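Below you will find one chain, with nothing else, as structure tokens; this is the form deposited in one PDB entry, and questions on how it binds or moves follow later.
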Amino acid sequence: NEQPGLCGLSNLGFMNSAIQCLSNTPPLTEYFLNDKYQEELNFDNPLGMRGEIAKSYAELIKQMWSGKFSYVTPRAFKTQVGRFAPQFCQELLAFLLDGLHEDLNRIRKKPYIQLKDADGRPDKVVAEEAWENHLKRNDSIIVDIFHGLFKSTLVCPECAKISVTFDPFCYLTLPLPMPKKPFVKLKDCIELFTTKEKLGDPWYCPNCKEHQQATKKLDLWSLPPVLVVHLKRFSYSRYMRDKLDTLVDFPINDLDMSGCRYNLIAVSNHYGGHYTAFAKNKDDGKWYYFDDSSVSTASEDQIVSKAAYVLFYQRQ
């Protein structure tokens, strides 16, 4: 017997780290612990997993928060992950957020809608339309907790046409400065994320009727209750690049962006490899370090390190 949530996960040869971050996302864990999911399980979803990812996850979370264990061996959950994502490494969180969403998608028969560009209409109008269109096909606890909206501006270099769309997201991938810096504030990576970038991956200009190396500019339009922030430290083998070990200084308290204020609730760490997690336990407010089966107390001063990989932020 142990304090609920203070529960490790055995190594079975990113998965445990990602589970510990999601486990310590309070509105997600409360949804499962309060048995809100059984009536929303979606068994027919063409994009889902027959309900099996959300079922397996819910049973794991119930174990980790039962208080009966100091650690569990998540073989049943790993089995469902292997069944629907045999490719499993650092992309597992994206797979899980998408899989949980579709297994719990309240839209059982999805309409097809032809999405449209702004076509010079005001941002507010196009964004509301984009979000309404998103919710016509995607309505779940995962949308409620994690989904936000980008403004995307594409500019064709040849004809100078501007195409604006509003596009949903369920996490952010932030670039780090290149060439490599020893220290950067998270706010600087956010500014880099919203900086114009010429595409390398061209974009089809409907005016030129060619694919063009347009420039793409992202803006954060709407932000979710829980913002998942991935720091892009790695690269494919072909680039032959050392992992960026910049010290990214991220707020523990009061990250401000786009008018919302966020507090850190979990961090996935990567050691160049092996993954661990810091998380704030919702019932005692303290920070803990999760290294597979081992759980130990942590201090806030330990959290910002060069190993930080994914940050979980909850809106104040």
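Quick note: we count residues from 1 along the sequence shown, nothing fancier. Take the two forms, find the largest set of C-alpha atoms that superpose within 1.5 Å, and that set is the rigid core.
Residue 171 is built in all of the other entries compared, counting only those with both neighbours built, so it is not a gap in a third. When the other compared entries with both flanking residues are checked, residue 238 is unmodelled in at least a third. Going from residue 13 to residue 14, the model skips 1 to 3 deposited residues, which lack coordinates. Where residue 88 is followed by residue 89 in the displayed chain, the model omits 4 to 9 of the deposited residues that sit between the two. 175-183 and 98-106 differ in mean CA B-factor, and the higher of the two is recorded for 175-183. For the pair 32-40 and 286-294, the mean Cα B-factor is higher in 32-40.
The PDB entry assigns the greatest CA B-factor among 251, 259, 26, 48 to 259.
By the numbers in the PDB entry, the CA B factor is greatest at 161 among 230, 161, 136, 151. When the modelled residues of the chain are ordered by their C-alpha B factor, residue 93 lands in the lowest third. Sort the modelled residues of the chain by CA B factor and residue 269 lands in the lowest third. Looking at the C-alpha B-factors along this chain, the one for residue 145 belongs to the lowest third. Placement of the Cα temperature factor of residue 281 within the chain: lowest third of the modelled residues, per the deposited record. When the CA B factors of the chain's modelled residues are split into thirds, the value for residue 275 lands in the lowest one.
There is another form of this protein, the form deposited in another entry, and it is not shown here; the text below is about that form.
Only one of 241, 136, 106, 116 has its C-alpha shifted by 2 Å or more between this form and the one not shown once the core is superposed, and that residue is 241. Relative to this form, the distance between the C-alpha atoms of residue 241 and residue 191 is increased by at least 3 angstroms in the other form. Legend note: Cα of residue 173 to Cα of residue 239 is at least 3 Å farther in the other form than in the depicted form.
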